[PDB]
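Enquirer: Residue numbers (UniProt numbering), protein chains in the order written: chain A, 7 to 382; chain B, 9 to 382.
Positions of the beta carbon are idealized from the N, C-alpha and C atoms, including for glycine.
First, the structure itself, so that you have it in front of you.
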Ligand SMILES: Nc1ncnc2c1ncn2[C@@H]1O[C@H](COP(=O)(O)OP(=O)(O)OP(=O)(O)O)[C@@H](O)[C@H]1O
Ligand SMILES: Nc1ncnc2c1ncn2[C@@H]1O[C@H](COP(=O)(O)OP(=O)(O)OP(=O)(O)O)[C@@H](O)[C@H]1O
């Protein structure tokens, strides 16, 4: 036979009754007491099933609900066991999903019925859980301390095919982030379309949602191509009213217009921002309904000003990359030069950095790059 | 009364429907995808089945709705034709509790639902009431308020830590006082904390205590024991204090002059800033964040509630006018079609403050638009 382990947290060992009914029917039972232990146990066991002994007992109700959605999220299914207390706050605490509960006696055959419904999910969890982004894709442009948070954040919000708001300062790598969560999105093998729109006129911009290729003159709406995959919208607030309409229409109906008949698609939508969004909102300028459609999740891309310990490593890569790309003899920075570039403010962040270095490298006549050839 | 919704444009996929209809359940069905959103945001606690059957809706918009703000108030559930389990099994990241096989064990589906239906029957403990079972809306009463009411009613009693978010000057503490009423510790003391204007050393002297207090000293937790403590402008906390906070948040213990002791305090926190920006930059311990972000509540600014502006100003008028004998008794329609049009960055606070100012200047009984923002 083949099955899946399952743990249970309780100080009262003698509270077996429901335990041997599962071991004999084939369940890998594990039991924790001291409250702090199961966290490590749950984070190491991976996807499983946990039973919560509520029978008055001795646990902090805050810490409980905390654990419930700490990192033990979808990968863990909630379930409680109580001594018949459905009345006060305690049963209102079953707002934490919990799927079902346990009568104080032993609903012998009913117990499997309660459990059996959920079992299809754990064997489903195992099919999707191994992934883990194995290759440790060290933020394909940066790697420091605020960055590791970003990875973890990106890794857990990636697969969730919801719309996410990406915000940070200009030239930080919001697009770089967008491309990264597309790999995580589980629609990774599908196309990805970043769009530095800006330099588009309404007519031409409007030509994206319903087209103005009069007669099939080699023209296809952008939304269409991004079907199954991911589309990115850059500098979004610059959008005109009429197009924001079509977006919300599309965001609600998922349909687009083509000359060869109106059609529907399946595109996960992302958005980037660097401006004071709230200031636009209050005046009336931005449709708030649309904001709630997109602000389902937020991710903040930290500027170079935030990280600073990244500045050195970034320059090295940008050195290596551009020097190798153009055969340049420049291969290293002096300790002098290193101990100066970080002090710069870098308003344009990642963008400006590569751009600046790009120039210096193509101007660099030496192998070691001094401060004289840089910020001048 | 009866929840039980299911989303699909077609219909002939009854088979699992009459098993509910014939057993006596009012099933409700949505098609145009956009409609259930408004429906889900207004219905409150219920159960929704998402029929996707590999021929229905775009999984982005779906997962969006599923996790827009329709979170705990709704339990997820899907329907597929077996011949489908493949590309997006990951959409079951939203709990979803269970799914629907193509074979239909007529009794098993009821077994899956009936056990889960009992959880919705727990929501019945507050009995939806609709008609504002609280203090007329504590401070407001419009459309985002009724959700807020519904929201407060179901997340209130749960003595877990909750993160309160809205814009500045909205009335976040008023909510805490309001949800404390729903809590099972209502008869206990309540202590608000404006964490904005406090120094580290003195802050540390509030928890486990510091300084050199060989005189007279008593911690908030002690006073707040059994009751509820609220933290306003929480992100303003220094590193060293967030440490001590988490210490308590894990152990529930404090230090006092008369020896160290432990307590049982439900903890709340208020915020008006960009929460996502603080965590990533490093300013707030994320571990600590999950201890408090167990539940979220969104306090709607005046920008959302345009129909509240009229009702809000009137209430604040009567109360303060009476307090200072003011002759002012009403607003002109002129003033009305100006107060609503205003942006109100400071929201409820600013509204209360401005009117408060005007009243002390109002020499007339009728208040015209000229006497307002002055
Ligand atoms: N016209 C362009 N052509 C080719 N590559 C470009 C162009 N513009 C930017 N890039 C590349 O984008 C990469 C980084 O992504 P990006 O600049 O979009 O991040 P971002 O600045 O945070 O996003 P945003 O577009 O919102 O400003 C840079 O390495 C740059 O080479
Ligand atoms: N000791 C106190 N106990 C109970 N209530 C108090 C006490 N002191 C003040 N209050 C009231 O609590 C409210 C707190 O105002 P506050 O500025 O914190 O609201 P807020 O909108 O949540 O703040 P913020 O703009 O930082 O978000 C005040 O209106 C005040 O009347």
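Using only the alpha-carbon positions, how far apart do residue 194 (chain A) and residue 260 (chain B) sit?
Expert: If you take the alpha carbons of residue 194 (chain A) and residue 260 (chain B), they lie about 45 Å apart.
Enquirer: Taking only heavy atoms of ligand 4 into account, decide whether any of them is closer than 7 Å to the Cβ of residue 241 (chain B).
Expert: Ligand 4 is not part of the structure shown, which contains ligand 1 and ligand 2 as its ligands.
Enquirer: May I ask you to check if the CB of residue 281 (chain A) is nearer than 7 Å to at least one heavy atom of ligand 1?
Expert: For ligand 1, not one heavy atom lies less than 7 Å from the Cβ of residue 281 (chain A).
Enquirer: Spell out whether any CB of chain A is found under 8 Å from the CB atom of residue 174 (chain B).
Expert: So, not an interface residue.
Enquirer: By the three-class DSSP mapping on this structure, what secondary structure does residue 69 (chain A) have?
Expert: Residue state, collapsed to three classes: helix.
Enquirer: Starting from the Cα of residue 231 (chain A), find the closest Cα among A:204, A:262 and A:109 and give me that residue.
Expert: Nearest C-alpha to residue 231 (chain A): A:262.
Enquirer: Report the rounded CA-to-CA distance for residue 295 (chain A) versus residue 46 (chain B), giving the unit in angstroms.
Expert: Cα-Cα distance, rounded: 11 Å.
Enquirer: So, residue 280 (chain A) versus residue 150 (chain A), is the Cβ gap smaller than 8 Å?
Expert: Result no, Cβ atoms of residue 280 (chain A) and residue 150 (chain A) do not sit closer than 8 Å.
Enquirer: Looking at residue 303 (chain B) and residue 277 (chain B), is the spacing between their C-beta atoms short of 8 Å?
Expert: Not a contact, by the Cβ cut-off of 8 Å.
Enquirer: Over the uninterrupted alpha helix (DSSP H) stretch that includes residue 288 (chain A), give me the two end residues.
Expert: Residue 288 (chain A) -> alpha helix (DSSP H) spans 283-289.
Enquirer: Where does residue 20 (chain A) land, buried or exposed, given buried means 16+ other C-beta within 10 angstroms?
Expert: Answer is exposed; the Cβ neighbour count stays below 16.
Enquirer: Quick check on residue 14 (chain B): does DSSP put it in helix, strand or coil?
Expert: Residue 14 (chain B): strand per DSSP, three-state reduction.
Enquirer: According to the Cβ coordinates, are residue 334 (chain A) and residue 363 (chain A) closer than 8 Å?
Expert: Result no, Cβ atoms of residue 334 (chain A) and residue 363 (chain A) do not sit closer than 8 Å.
Enquirer: Using 8 Å as the limit for Cβ to Cβ distance, is residue 31 (chain A) near chain B?
Expert: Output row for residue 31 (chain A): interface = no.
Enquirer: For the beta strand (DSSP E) containing residue 200 (chain B), name the first residue and the last one.
Expert: 198-202 is the span of the beta strand (DSSP E), which, as asked, contains residue 200 (chain B).
Enquirer: Going straight from the alpha carbon of residue 113 (chain A) to that of residue 122 (chain B), what length do you get?
Expert: Each residue's alpha carbon lies about 15 Å from the other.
Enquirer: For residue 76 (chain A), return the contacting residues in chain B, with the cut-off set at a CB-CB distance below 8 Å.
Expert: What residue 76 (chain A) touches in chain B: 298.
Enquirer: Using only alpha-carbon positions, find the residue among B:310, B:108, B:292 and B:306 that is nearest to residue 290 (chain A).
Expert: Comparing Cα positions, the closest option is B:310.
Enquirer: DSSP three-state call for residue 60 (chain B): helix, strand or coil?
Expert: Coil at residue 60 (chain B), not helix or strand.
Enquirer: The segment 123-152 of chain B: which residues have C-beta closer than 7 Å to a C-beta of chain A, in chain order?
Expert: Here the close residues are 123, 124, 127, 130 and 133.
Enquirer: Can you give me the C-alpha to C-alpha distance between residue 85 (chain A) and residue 60 (chain A), rounded to a whole angstrom?
Expert: If I take the Cα positions, the gap works out to 10 Å.
Enquirer: Could you have a look at residue 361 (chain B) and say whether DSSP puts it in helix, strand or coil?
Expert: Residue state, collapsed to three classes: helix.
Enquirer: Just reading off the beta strand (DSSP E) that residue 174 (chain A) is part of, what are its end residues?
Expert: Element bounds for residue 174 (chain A): 170-174.
Enquirer: For a cutoff of 8 Å on Cβ pairs, would you count residue 165 (chain A) as touching chain B?
Expert: Output row for residue 165 (chain A): interface = yes.
Enquirer: Starting from the Cα of residue 111 (chain B), find the closest Cα among B:87, B:284, B:264 and B:130 and give me that residue.
Expert: For the residues B:87, B:284, B:264 and B:130, the minimum Cα distance to residue 111 (chain B) belongs to B:87.
Enquirer: Taking the beta strand (DSSP E) that residue 35 (chain A) belongs to, which residues open and close that run?
Expert: Its beta strand (DSSP E) spans residues 35-38.
Enquirer: Please go through the same chain and pick out, in chain order, the residues whose beta-carbon is closer than 7 Å to the beta-carbon of residue 120 (chain B), but skip the five residues on each side of it.
Expert: For residue 120 (chain B), where only same-chain residues beyond five positions count, the Cβ hits under 7 Å are 106.
Enquirer: Start and end of the beta strand (DSSP E) containing residue 236 (chain B)?
Expert: First-last of the beta strand (DSSP E) with residue 236 (chain B): 236-240.
Enquirer: For the pair the segment 216-232 of chain A and the segment 23-35 of chain B, tell me if three or more CB-CB distances fall below 8 Å.
Expert: They do not touch, by the three-pair rule.
Enquirer: I'd like to check one pair, residue 299 (chain B) with residue 72 (chain A): are the Cβ atoms closer than 8 Å?
Expert: Closer than 8 Å, so yes.
Enquirer: Return the chain-ordered ranges of every alpha helix (DSSP H) run that is complete within the segment 113-173 of chain B and spans a minimum of 4 residues.
Expert: Whole alpha helix (DSSP H) segments, 4+ residues: 114-131 and 152-163.
Enquirer: Measuring only the C-alpha atoms, how far is residue 161 (chain A) from residue 139 (chain A)?
Expert: Computed Cα separation, rounded: 7 Å.
Enquirer: Does residue 9 (chain A) come out as helix, strand or coil in the three-state DSSP assignment?
Expert: In the structure shown, residue 9 (chain A) sits in coil (DSSP, three-state: anything other than H, G, I, E or B).
Enquirer: With 8 Å set as the bound, which would you pick, yes or no: does the beta-carbon of residue 252 (chain A) sit closer than that to a beta-carbon of chain B?
Expert: It does not: the Cβ of residue 252 (chain A) has no partner Cβ on chain B nearer than 8 Å.
Enquirer: Report yes or no: is there a C-beta of chain B within less than 8 Å of the C-beta of residue 155 (chain A)?
Expert: Closer than 8 Å: yes.
Enquirer: Is residue 390 (chain B) near ligand 2, with its Cβ less than 7 Å from a heavy atom?
Expert: Lying before the first or after the last residue shown, residue 390 (chain B) is absent from chain B, which here runs from 9 to 382.
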